[PDB]
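**Q** Let me give you the structure first, and then I'll get to my questions.
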Amino acid sequence: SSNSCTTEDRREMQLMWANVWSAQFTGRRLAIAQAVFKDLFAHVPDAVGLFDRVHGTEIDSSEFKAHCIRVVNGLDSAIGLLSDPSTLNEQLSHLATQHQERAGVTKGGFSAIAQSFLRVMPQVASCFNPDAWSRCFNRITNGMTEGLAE
Amino acid sequence: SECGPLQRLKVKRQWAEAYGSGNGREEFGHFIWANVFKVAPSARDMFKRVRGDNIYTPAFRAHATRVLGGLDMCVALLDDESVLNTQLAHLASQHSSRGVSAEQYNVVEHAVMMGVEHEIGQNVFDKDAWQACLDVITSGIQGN
Amino acid sequence: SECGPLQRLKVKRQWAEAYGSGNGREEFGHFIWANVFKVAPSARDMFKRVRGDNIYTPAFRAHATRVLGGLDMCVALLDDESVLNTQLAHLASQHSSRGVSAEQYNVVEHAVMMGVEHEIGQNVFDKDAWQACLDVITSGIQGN
Amino acid sequence: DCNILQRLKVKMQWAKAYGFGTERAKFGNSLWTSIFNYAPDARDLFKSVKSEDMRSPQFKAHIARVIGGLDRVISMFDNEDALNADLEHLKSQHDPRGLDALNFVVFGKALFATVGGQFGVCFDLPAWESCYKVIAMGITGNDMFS
Amino acid sequence: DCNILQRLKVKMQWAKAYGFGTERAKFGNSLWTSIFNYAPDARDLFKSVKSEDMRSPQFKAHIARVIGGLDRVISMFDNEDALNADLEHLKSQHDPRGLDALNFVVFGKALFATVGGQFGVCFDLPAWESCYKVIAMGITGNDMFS
Amino acid sequence: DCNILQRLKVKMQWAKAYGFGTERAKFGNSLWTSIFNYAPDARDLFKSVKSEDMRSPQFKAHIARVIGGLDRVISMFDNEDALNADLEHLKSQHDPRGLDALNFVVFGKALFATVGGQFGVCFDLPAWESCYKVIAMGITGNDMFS
Amino acid sequence: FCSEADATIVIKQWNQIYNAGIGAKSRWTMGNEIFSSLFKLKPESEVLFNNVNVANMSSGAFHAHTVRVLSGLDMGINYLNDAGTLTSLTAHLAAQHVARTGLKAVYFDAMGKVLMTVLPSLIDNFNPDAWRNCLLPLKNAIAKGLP
Amino acid sequence: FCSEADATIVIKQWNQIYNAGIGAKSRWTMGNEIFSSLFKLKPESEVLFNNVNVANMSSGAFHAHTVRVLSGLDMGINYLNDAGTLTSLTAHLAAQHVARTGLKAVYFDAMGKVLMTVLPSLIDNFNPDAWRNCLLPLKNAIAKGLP
Amino acid sequence: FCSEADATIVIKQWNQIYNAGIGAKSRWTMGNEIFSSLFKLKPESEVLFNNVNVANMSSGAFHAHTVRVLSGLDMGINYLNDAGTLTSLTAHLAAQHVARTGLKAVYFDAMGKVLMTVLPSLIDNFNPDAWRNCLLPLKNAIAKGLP
Ligand SMILES: *[C@@H]1O[C@H](CO[C@@H]2O[C@@H](C)[C@@H](O)[C@@H](O)[C@@H]2O)[C@@H](O[C@@H]2O[C@H](CO)[C@@H](O[C@H]3O[C@H](CO[C@H]4O[C@H](CO)[C@@H](O)[C@H](O)[C@@H]4O)[C@@H](O)[C@H](O[C@H]4O[C@H](CO)[C@@H](O)[C@H](O)[C@@H]4O)[C@@H]3O)[C@H](O)[C@H]2NC(C)=O)[C@H](O)[C@H]1NC(C)=O
Ligand SMILES: *[C@@H]1O[C@H](CO[C@@H]2O[C@@H](C)[C@@H](O)[C@@H](O)[C@@H]2O)[C@@H](O[C@@H]2O[C@H](CO)[C@@H](O[C@H]3O[C@H](CO[C@H]4O[C@H](CO)[C@@H](O)[C@H](O)[C@@H]4O)[C@@H](O)[C@H](O[C@H]4O[C@H](CO)[C@@H](O)[C@H](O)[C@@H]4O)[C@@H]3O)[C@H](O)[C@H]2NC(C)=O)[C@H](O)[C@H]1NC(C)=O
Ligand SMILES: *[C@@H]1O[C@H](CO[C@@H]2O[C@@H](C)[C@@H](O)[C@@H](O)[C@@H]2O)[C@@H](O[C@@H]2O[C@H](CO)[C@@H](O[C@H]3O[C@H](CO[C@H]4O[C@H](CO)[C@@H](O)[C@H](O)[C@@H]4O)[C@@H](O)[C@H](O[C@H]4O[C@H](CO)[C@@H](O)[C@H](O)[C@@H]4O)[C@@H]3O)[C@H](O)[C@H]2NC(C)=O)[C@H](O)[C@H]1NC(C)=O
Ligand code: HEM
Ligand code: HEM
Ligand code: HEM
Ligand code: HEM
Ligand code: HEM
Ligand code: HEM
Ligand code: HEM
Ligand code: HEM
Ligand code: HEM
Ligand SMILES: [Mg+2]
Ligand SMILES: [Mg+2]
Ligand SMILES: [Mg+2]
Ligand SMILES: [Mg+2]
């Protein structure tokens with residue numbers, strides 16, 4: 001019916017996220033982040049060339065780990081901010097400008113990474129709900145892909 | 001005191017409690033910054049882009065959200081030196097051009113400590129571990 | 001920021017919560033003045049008639065009771081300009097001969113804000129609306 | 001594989017896990033949520049039942065039909081003639097769809113995790129693996145279930 | 001199998017089911033009550049820890065060492081060098097007893113029924129089959145768990 | 001009548017009885033169940049909003065518009081210019097239907113039984129009779145409510 | 001279909017004589033009693049069941065038939081308070097019947113009388129009104145499109 | 001329209017600034033703000049409000065208009081969890097607008113942006129997401145049929 | 001060994017830093033700290049750990065050793081309120097140590113002081129009294145029979 005990320009979907013996404021997120025160590029975050037990227041790079045050959053600065057071709061590099069940690073931190077802040085849309089919108093604008101002025105990064109890549117997350121999550125999260133997860137992920141990306149090319 | 005292996009495990013767990021999953025993050029971040037600008041109002045001039053004049057705004061709250069995310073990332077890496085430094089280096093870049101005094105870093109350091117202690121209670125707050133490990137983190141942010 | 005129609009409705013409702021019916025008034029008023037005399041002890045000399053030396057006394061509590069009643073009256077009129085000014089004029093008289101500095105008015109302004117925010121929570125406190133409307137009120141008290 | 005006794009137990013455990021009222025729908029939604037989490041690729045084989053929306057009246061009807069199938073098959077576990085006739089009937093409905101038999105292996109995993117997770121610790125995984133095989137073998141005819 | 005994502009899934013599901021305090025003993029007793037119900041002949045292999053009476057302190061001590069071993073091994077799932085060294089240590093303790101490898105398969109079934117029975121419907125049976133094989137492989141060195 | 005003090009009393013008693021959320025719908029359904037019990041012939045006047053079935057969405061929409069009108073009108077009790085302009089607006093909607101004025105009297109009785117029945121013993125019947133007359137007067141322009 | 005209170009009553013009386021704990025043997029016992037009855041009321045409908053070997057109601061082919069029929073009625077009943085799903089469930093069953101030539105609507109009305117005649121003998125304090133109120137709409141949805 | 005949880009939030013936030021205990025005075029202060037704002041975004045719509053004396057937004061006639069509009073919005077919000085009745089309530093509202101020649105669907109979008117801009121200044125912890133989820137559906141249904 | 005209340009405290013404080021949800025990584029960080037410390041107090045015992053490659057405390061073999069030791073300690077602690085099973089668990093542990101020629105009872109005392117020194121740096125509101133009450137008994141029982 002409606003593709004809107006509802007209040008109930010937000011609670012569900014946070015649950016799916018919590019019962020998979022490590023409060024104290026990054027071992028669990030890295031694994032999930034890297035897994036997603038490996039999946040994106042294998043579905044979008046070109047994409048890898050956008051992470052040259054963080055050593056995209058060296059998934060286990062010290063600097064790509066740092067990047068994955070930042071990606072996951074950013075997604076963590078957003079998912080938690082689903083409970084306070086006002087601030088979320090601000091946070092999502094700041095993420096937008098961070099992804100703008102970087103040729104290649106388009107709404108196409110985000111649709112690809114969404115698919116990557118949809119494949120990685122069920123393997124790591126228990127009771128994963130793809131539909132609820134999907135609606136709020138998109139809600140999140142739409143604020144990040146504001147000023148981007150298709 | 002030194003930010004040793006043990007102190008690092010301590011800080012990690014205490015931080016996990018204080019920071020938590022997400023429901024208490026807004027208040028945690030508020031408490032911290034209300035303390036910063038109270039003790040050092042002059043610091044506000046540096047946050048004109050994110051409404052440093054009013055920390056009740058969504059714009060600043062988003063900022064406070066990024067800062068905490070910054071600490072979370074570092075604390076989460078206090079046991080992975082190699083990756084911790086790469087990260088501390090990134091944060092260093094994000095600040096390198098803003099002219100942050102060693103005094104302000106200390107103020108934000110104390111804000112954060114009072115905030116965590118306020119979050120988990122004076123009863124368990126490990127002052128030494130926190131002071132030694134936060135300075136390790138600030139040092140990284142300032143190049144060194 | 002401007003104390004517009006919307007900001008006024010906001011302040012009214014937030015004030016209603018903070019001020020309330022009557023049971024929490026003593027504590028609300030205490031919190032406010034403990035903050036005033038802490039930040040500006042020199043201000044006490046002006047309240048020698050109502051025991052400004054000890055705000056735990058009934059005499060001062062009665063004073064604190066009148067001040068809050070003053071704000072309540074103004075906030076309750078923030079939408080009736082004509083009558084608001086007549087009232088702000090009265091309060092202006094009650095102070096006209098006491099030599100209240102613009103700095104003290106600002107201190108009491110902040111005391112009141114921290115008090116309301118402490119009363120309804122940082123989570124909902126509308127900083128801009130409150131700052132713009134309280135200054136409208138202080139301005140009136142000082143003639144203009 | 002799946003001797004008389006194993007059948008008596010799987011019938012017992014299934015009834016308990018299956019339950020009454022809405023509890024059946026819940027059991028069914030869990031089963032399919034797991035089937036699709038185990039193998040996301042299997043979800044597109046069900047476009048005919050709006051699998052893209054699991055809360056849709058069409059997909060819920062499918063859920064009900066399937067657990068209704070498991071329930072009648074399991075109930076007839078102690079009567080070969082009746083049982084094998086229904087397995088043939090079910091085979092008859094699935095064959096024209098040319099499904100990869102490996103999907104029936106995933107299905108079984110999910111069924112065990114769902115009945116097991118509902119029944120609790122005394123779940124008899126060995127018994128269920130042996131008996132589910134009889135079922136899969138009957139529906140697919142694929143000797144991979146021998 | 002047992003890729004990194006499955007190891008994480010397994011560490012998480014295990015932590016929840018194993019629990020704390022005396023809940024570990026309960027889980028411990030369920031695991032073994034299943035192992036012996038699934039293969040009654042395996043009980044005689046444990047006379048050295050008075051398996052003839054599962055409530056005896058001798059057998060409860062054994063139950064505790066075995067589940068403590070599952071825990072430490074699962075906790076190392078993310079560090080090969082540490083994991084393998086410890087699996088070899090366990091292999092060194094099981095080898096001299098000339099244990100039939102089929103019993104490790106029974107163990108696995110019992111463990112799945114117990115973790116899932118305790119964890120609930122979201123139990124990831126496939127992930128556990130893959131990763132248990134890895135554990136069994138290290139302890140028996142037998143390619144049966146390939 | 002309906003002096004300023006009575007309007008305030010009425011605004012207060014109304015707010016309490018009308019309530020929030022679905023409580024307004026309950027009040028709404030009680031008001032109309034009384035109107036039709038008091039004057040069964042008035043029901044036929046509402047075929048345009050399917051009064052033959054009071055649970056129908058057509059009639060519930062009508063119930064909502066009518067009580068929303070009572071609310072907005074009562075909320076304006078303290079501002080003549082706004083009140084009268086809105087009463088004239090309502091008069092403009094009721095006039096073309098050539099409604100017998102006696103029904104407005106029935107309405108009033110039903111409203112009092114409903115507000116008082118919900119508000120409790122402190123219901124000020126006199127104040128409500130006075131102020132309702134004012135509302136009825138504006139909608140019908142009929143001096144019957146003088 | 002029928003009200004929540006009516007359906008709840010029906011769902012309860014049904015679960016009384018049908019549920020996962022009820023053996024297949026007692027299912028086809030009810031299965032044969034119903035179909036024997038249907039056939040007496042409408043002798044001409046029996047041949048419609050030649051594929052499931054109606055010739056021998058004690059046969060596996062026929063047993064499996066009455067078992068899947070009862071299973072179908074069971075889903076119907078249990079989904080009485082989930083209109084959306086029931087509409088989809090009955091629309092599916094309908095199609096499955098419209099495909100079989102020779103099936104008349106009257107045959108479904110007959111099955112209704114059989115259920116109203118046979119059930120009371122099996123259920124405790126059978127409520128004929130709540131059942132009639134829930135069965136009719138159900139039977140009509142499944143007999144939609146039949147001549 | 002929108003979910004029970006989403007609506008719950010909207011209804012609750014709305015009641016915070018609008019309810020039977022809220023004097024009509026503040027009701028038209030919000031009303032004037034809303035319409036003044038609509039006019040700045042779409043000056044060509046101000047003419048549409050001539051019969052309610054929009055030339056003088058302090059006139060009894062216009063004050064009553066806004067009170068009437070906020071009252072409709074109130075009905076919509078309070079009926080979010082009654083999809084049936086709201087469909088009906090919105091169809092009626094729709095009829096009341098289509099009749100007004102000159103009313104462009106786009107004008108309703110502007111109102112949408114105005115509400116989303118003004119409400120946060122009025123409500124504590126305004127939830128733009130829950131409101132968008134509920135308001136948009138209402139908006140589309142009320143402007144359904146406008147050119 | 002020690003009382004139900006004393007054990008309750010120990011078990012609770014221990015679980016705070018050790019449990020199934022605690023990555024093996026931090027498990028060997030505590031392990032290296034513990035053994036590094038034991039070595040400084042009793043250098044002559046380091047040799048005893050040659051088969052687990054104590055020459056390289058970052059080796060898979062030694063990491064596994066400490067993980068194994070902390071795991072035993074975990075079992076002892078979690079069994080404090082099961083005197084029977086713990087007597088058994090400790091007798092077994094004792095056998096595993098006596099076999100190691102060179103193991104002096106006094107080395108176990110040193111470990112005792114190391115734990116009492118390190119745990120407070122790790123645990124919130126460490127209770128040295130409740131731990132001493134419980135640890136000492138465990139310690140004496142595990143080192144029972146050592147020269
Ligand atoms: C409707 O079906 C039922 C059930 O049969 C099923 O459905 C059918 C449609 C078929 O598809 C069947 O394959 C399916 O199972 C029919 O009732 C059964 O009919 C069978 C006969 O087929 C009855 O069993 C008789 O046969 C057994 C076994 O016979 C074999 O073994 C003996 C050695 O012991 C050999 O000598 C035979 O050559 C053969 O290989 C036999 O033990 C029984 O006979 C005993 O009892 C007699 C006394 O009454 C003695 O005189 C004998 O010496 C012997 O001890 C059976 O006669 C089976 O009982 C029934 N089942 C039931 C519950 O009635 C049904 O007939 C059919 N209806 C029609 C008319 O079409
Ligand atoms: C938009 O409407 C508003 C509100 O008015 C309402 O809405 C209209 C659309 C109509 O429906 C009106 O019926 C309705 O009230 C307009 O503002 C109001 O306007 C009136 C006057 O325009 C304000 O009240 C003042 O008006 C009186 C007028 O009396 C004079 O005229 C008569 C004969 O024609 C003489 O016999 C009188 O002696 C007198 O000269 C005025 O007298 C009042 O002033 C009194 O008080 C002063 C004390 O300071 C004395 O010095 C004076 O001598 C006198 O006794 C009022 O000033 C009324 O307050 C406003 N409402 C508000 C609060 O603003 C608005 O103007 C209109 N827009 C436009 C531009 O037309
Ligand atoms: C105690 O053990 C630790 C951990 O090692 C583990 O434990 C041992 C007991 C054994 O069980 C090991 O199997 C187990 O891993 C020791 O530290 C580790 O040691 C390794 C190396 O000693 C570290 O990794 C580096 O080593 C590679 C070696 O590759 C070289 O040699 C081959 C042929 O022999 C050549 O073909 C290669 O081309 C290369 O020359 C080294 O290449 C790595 O460096 C890469 O990355 C650089 C990027 O900055 C490039 O510039 C290089 O070209 C190259 O590609 C690594 O530096 C491993 O990280 C550590 N572990 C950690 C995290 O410390 C420890 O040394 C031992 N104690 C002692 C003193 O023996
Ligand atoms: C919704 C999921 C995503 C999240 C949460 C996310 C988050 C982040 C964060 C936090 C940064 C670092 C910003 C900084 O500190 O400067 C970042 C950088 C970046 N992201 Fe994303 N991102 C997402 C998706 C994507 C996608 C789909 C693409 C591309 C197709 C992309 C491309 C990039 C690039 C090129 C950078 C800059 C990396 C660098 O050089 O440091 N991101 N992202
Ligand atoms: C406790 C350690 C600190 C951490 C982890 C931290 C982290 C961060 C992060 C993550 C950002 C956002 C960067 C971006 O995405 O653009 C940031 C921005 C900023 N930080 Fe810090 N910070 C710390 C201390 C400080 C201190 C002590 C000051 C100075 C008084 C400061 C001043 C700023 C300013 C001015 C910005 C830019 C905000 C903007 O306009 O976007 N930070 N910090
Ligand atoms: C926030 C706005 C303020 C309001 C609404 C307010 C209100 C009042 C009221 C109602 C009285 C009692 C007058 C009477 O009945 O005699 C009063 C008295 C007084 N106020 Fe304020 N006041 C405000 C700010 C201040 C400030 C900023 C100062 C100065 C530091 C001040 C100093 C005094 C003094 C000295 C008295 C006389 C007390 C006495 O001896 O009776 N007020 N004020
Ligand atoms: C052994 C377990 C299974 C049982 C008991 C079962 C049972 C059923 C039943 C009763 C139907 C409805 C038949 C009808 O009335 O038309 C059905 C349909 C279907 N099944 Fe299964 N099934 C099983 C496994 C599977 C598997 C593993 C797949 C493949 C991935 C599958 C794919 C389908 C499809 C595509 C349909 C048709 C849905 C439609 O009507 O559009 N089934 N199944
Ligand atoms: C992968 C699962 C298994 C794990 C983690 C495991 C772990 C352990 C551990 C930790 C011990 C005690 C070692 C010591 O302290 O000396 C042990 C002992 C033993 N295990 Fe296992 N074990 C497993 C499977 C099995 C299986 C399948 C059998 C065979 C039937 C078995 C038979 C034994 C025997 C006979 C002992 C010695 C008991 C004694 O002390 O007298 N184990 N096992
Ligand atoms: C003072 C009490 C009353 C109030 C506040 C009231 C209010 C309303 C309102 C707001 C409407 C809907 C206008 C629209 O949106 O088009 C309405 C419609 C109507 N009212 Fe009343 N009304 C009252 C009394 C009555 C009475 C006593 C009758 C007569 C029996 C009546 C008969 C009608 C009819 C026939 C409609 C039109 C229904 C339709 O849309 O088909 N009303 N009323
Ligand atoms: C309302 C009660 C009824 C229910 C719940 C019902 C249910 C079913 C079901 C579930 C099937 C099997 C579909 C499949 O999986 O292939 C079926 C088949 C069939 N039904 Fe019904 N049915 C009902 C009434 C009737 C009536 C009154 C007749 C008419 C005489 C009838 C004639 C048939 C026929 C001819 C078949 C095909 C049998 C075959 O496979 O050979 N049904 N029915
Ligand atoms: C979505 C929010 C809106 C709501 C809830 C709303 C509600 C209402 C209501 C209740 C009425 C009075 C109906 C009656 O009783 O006669 C009304 C009238 C009217 N509305 Fe709206 N409205 C909305 C948006 C708009 C917009 C965007 C326009 C266009 C510019 C508009 C133009 C009008 C006009 C021209 C009238 C008739 C005024 C008259 O009587 O002269 N409305 N509206
Ligand atoms: C009181 C705390 C202690 C606990 C809980 C403990 C526990 C353990 C455990 C579980 C093992 C491995 C048994 C196996 O599975 O083979 C072990 C081995 C060993 N322990 Fe301890 N231990 C403690 C103190 C000590 C002390 C104080 C020494 C002496 C310096 C010591 C020396 C050893 C040695 C030499 C081994 C054999 C290592 C090898 O396999 O090469 N332990 N201990
Ligand atoms: Mg410092
Ligand atoms: Mg000021
Ligand atoms: Mg050997
Ligand atoms: Mg007329």
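Please note that chains go A, B, ... in the order of the structure tokens, that every chain numbers its residues from 1, and that ligands are numbered from 1 in the order shown.
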Considering only C-alpha atoms, return as number ranges by chain whatever protein or nucleic-acid residues lie within 8 Å of residue 77 (chain F), sequence-local ones (same chain, fewer than 6 positions apart) excluded.

**A** F: 7, 11, 83

**Q** Mind dumping the selected residues with N, CA and C atoms as a PDB file, in the first residue's frame?

**A**
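Once everything was written out, this is result36.pdb:
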ATOM      1  N   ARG F   7     -21.845  31.660  29.196  1.00  0.00           N
ATOM      2  CA  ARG F   7     -21.080  31.203  28.023  1.00  0.00           C
ATOM      3  C   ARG F   7     -19.785  30.507  28.469  1.00  0.00           C
ATOM      4  N   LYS F  11     -18.790  26.716  27.852  1.00  0.00           N
ATOM      5  CA  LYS F  11     -17.558  26.330  27.157  1.00  0.00           C
ATOM      6  C   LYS F  11     -16.824  25.260  27.958  1.00  0.00           C
ATOM      7  N   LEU F  83     -19.064  34.776  15.928  1.00  0.00           N
ATOM      8  CA  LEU F  83     -20.171  33.883  16.223  1.00  0.00           C
ATOM      9  C   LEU F  83     -21.315  34.081  15.240  1.00  0.00           C
TER      10      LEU F  83
END

**Q** Enumerate the residues of chain D with a DSSP assignment of alpha helix (DSSP H), computed from the backbone, and present them as a ChimeraX atom specification.

**A** /D:4-18,23-38,57-75,80-94,102-119,125-140

**Q** Do you know which residues are at most 12 Å from residue 76 (chain C) counting only C-alpha atoms, after dropping those on the same chain fewer than 6 positions away, and could you put them as a list in words?

**A**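 Neighbouring residues, sequence-local ones excluded: residues 8, 9, 10, 11, 12, 13, 14, 15, 16, 19, 68, 69, 70, 83, 84, 87, 88, 133 and 137 of chain C.
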
**Q** Would you mind exporting N, CA and C atoms of the selected residues as a CSV table (one decimal), in the first residue's frame?

**A**
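Below is the file again-v3.csv, written as the result:
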chain,number,residue,atom,x,y,z
C,8,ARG,N,4.1,33.7,20.7
C,8,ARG,CA,3.3,34.0,21.9
C,8,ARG,C,2.4,32.9,22.4
C,9,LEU,N,1.8,32.2,21.4
C,9,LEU,CA,0.9,31.0,21.8
C,9,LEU,C,1.8,30.0,22.5
C,10,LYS,N,3.0,29.8,21.9
C,10,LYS,CA,4.0,28.8,22.4
C,10,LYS,C,4.3,29.1,23.9
C,11,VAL,N,4.8,30.3,24.1
C,11,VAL,CA,5.2,30.8,25.4
C,11,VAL,C,4.1,30.6,26.4
C,12,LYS,N,2.9,30.9,26.0
C,12,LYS,CA,1.7,30.8,26.9
C,12,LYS,C,1.5,29.4,27.4
C,13,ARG,N,1.5,28.4,26.5
C,13,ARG,CA,1.3,27.0,26.8
C,13,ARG,C,2.5,26.5,27.6
C,14,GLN,N,3.7,26.8,27.2
C,14,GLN,CA,4.9,26.3,27.9
C,14,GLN,C,4.9,26.9,29.4
C,15,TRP,N,4.5,28.2,29.5
C,15,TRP,CA,4.4,28.8,30.8
C,15,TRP,C,3.3,28.2,31.6
C,16,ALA,N,2.2,27.9,31.0
C,16,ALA,CA,1.1,27.2,31.8
C,16,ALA,C,1.6,25.9,32.4
C,19,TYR,N,4.4,27.0,35.1
C,19,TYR,CA,3.8,27.7,36.3
C,19,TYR,C,2.8,26.8,37.0
C,68,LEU,N,6.4,35.9,40.1
C,68,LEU,CA,5.9,35.0,39.2
C,68,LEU,C,4.5,35.4,38.7
C,69,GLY,N,3.8,36.0,39.7
C,69,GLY,CA,2.4,36.4,39.4
C,69,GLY,C,2.5,37.5,38.3
C,70,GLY,N,3.6,38.3,38.4
C,70,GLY,CA,3.8,39.3,37.5
C,70,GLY,C,4.0,38.8,36.1
C,83,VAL,N,-3.8,45.9,26.5
C,83,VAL,CA,-3.8,45.6,28.0
C,83,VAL,C,-2.4,45.1,28.5
C,84,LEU,N,-1.6,44.5,27.6
C,84,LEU,CA,-0.3,44.1,28.0
C,84,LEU,C,0.6,45.3,28.4
C,87,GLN,N,-0.3,46.9,31.7
C,87,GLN,CA,0.3,46.1,32.7
C,87,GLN,C,1.8,46.2,32.9
C,88,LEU,N,2.5,46.2,31.7
C,88,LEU,CA,3.9,46.3,31.7
C,88,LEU,C,4.2,47.7,32.3
C,133,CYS,N,10.1,36.8,23.6
C,133,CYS,CA,9.0,37.3,24.3
C,133,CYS,C,9.3,37.8,25.7
C,137,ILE,N,8.8,41.7,27.3
C,137,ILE,CA,8.3,41.9,28.6
C,137,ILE,C,9.2,42.8,29.5

**Q** Please determine, counting only C-alpha atoms and all ligand atoms, which residue among F:28, F:40, F:57, F:69 has the shortest atom-to-atom distance to ligand 9.

**A**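 Closest to ligand 9, using only C-alpha atoms and all ligand atoms: F:69.
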
**Q** Would you list the residues that come within 9 Å of ligand 11? Count only C-alpha atoms and all ligand atoms and give the answer as a PyMOL selection string.

**A** (chain F and resi 89-90+93) or (chain H and resi 35+38-39+42+44-53+62+65-76+93-94+96-97+99-112+115+135+138-140+142-143)

**Q** With only C-alpha atoms and all ligand atoms counted, collect every polymer residue having an atom within 8 Å of ligand 4; state the result as a ChimeraX atom specification.

**A** /A:47,50-54,67,70-76,78,95,98-99,102,104-114,137,140-141,144 /B:90-91,94

**Q** Name all residues at most 10 Å from residue 144 (chain D) (count only C-alpha atoms; drop same-chain ones fewer than 4 positions away) and give them as a PyMOL selection string.

**A** chain D and resi 101-102+105+133+136-137+140

**Q** Around ligand 1, at most 12 Å away and counting only C-alpha atoms and all ligand atoms, which residues are there? Put them as a list in words, please.

**A**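 The residues within 12 Å of ligand 1, counting only C-alpha atoms and all ligand atoms, are residues 79, 80, 81, 82, 83, 84 and 85 of chain D; 25, 52, 53, 54, 55, 56, 57, 58, 59, 60, 61, 62, 63 and 64 of chain G.
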
**Q** Do a neighbour search on residue 79 (chain H) at 10 Å with only C-alpha atoms, toss out local chain neighbours closer than 5 positions, and write the hits as a PyMOL selection string.

**A** (chain F and resi 21-22+25+61+64) or (chain H and resi 7+11+73-74+84-87+89)

**Q** Need to verify the contact set: residue 34 (chain B), 10 Å, only C-alpha atoms, exclusion of same-chain residues closer than 3 positions in sequence. Can you return it as a VMD selection string?

**A** chain B and resid 29 to 31 37 to 41 54 to 56 111

**Q** Which residues are near ligand 13 in this structure, taking near to mean any atom at most 8 Å from a ligand atom and counting only C-alpha atoms and all ligand atoms? Format them as a PyMOL selection string.

**A** chain B and resi 102+105-106+109+131-132+134-135+138

**Q** Report as a PyMOL selection string the set of chain I residues whose atoms approach chain B to within 12 Å, with distances computed over only C-alpha atoms.

**A** chain I and resi 16-18+22-23+25-34+117-126

**Q** Pick the closest to chain D from E:115, E:35, E:12, E:49: which is it, counting only C-alpha atoms?

**A**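 Smallest distance to chain D is found for E:115.
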
**Q** At a cut-off of 7 Å around ligand 8, and using only C-alpha atoms and all ligand atoms, what residues come up? Please write them as a PyMOL selection string.

**A** chain E and resi 42+45-46+48-49+62+65-70+90+93-94+97+99+103-104+107+135-136+139

**Q** All residues within 9 Å of ligand 15 are required, counting only C-alpha atoms and all ligand atoms; please report them as a list in words.

**A**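 My answer, listing the contacting residues, is residues 92, 95, 96 and 98 of chain E.
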
**Q** Got time to write the residues from that selection, N, CA and C atoms, as a compact mmCIF listing (two decimals), in the first residue's frame?

**A**
# COMPACT_ATOMS: atom_id res chain seq x y z
N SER E 92 42.97 -33.01 20.96
CA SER E 92 43.96 -33.73 21.75
C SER E 92 43.32 -34.44 22.94
N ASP E 95 40.69 -37.32 21.00
CA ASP E 95 41.33 -38.38 20.23
C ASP E 95 41.61 -39.67 21.00
N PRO E 96 42.32 -39.58 22.13
CA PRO E 96 42.59 -40.84 22.84
C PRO E 96 41.39 -41.69 23.24
N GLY E 98 38.97 -42.62 21.18
CA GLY E 98 38.49 -43.35 20.02
C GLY E 98 36.98 -43.28 19.89
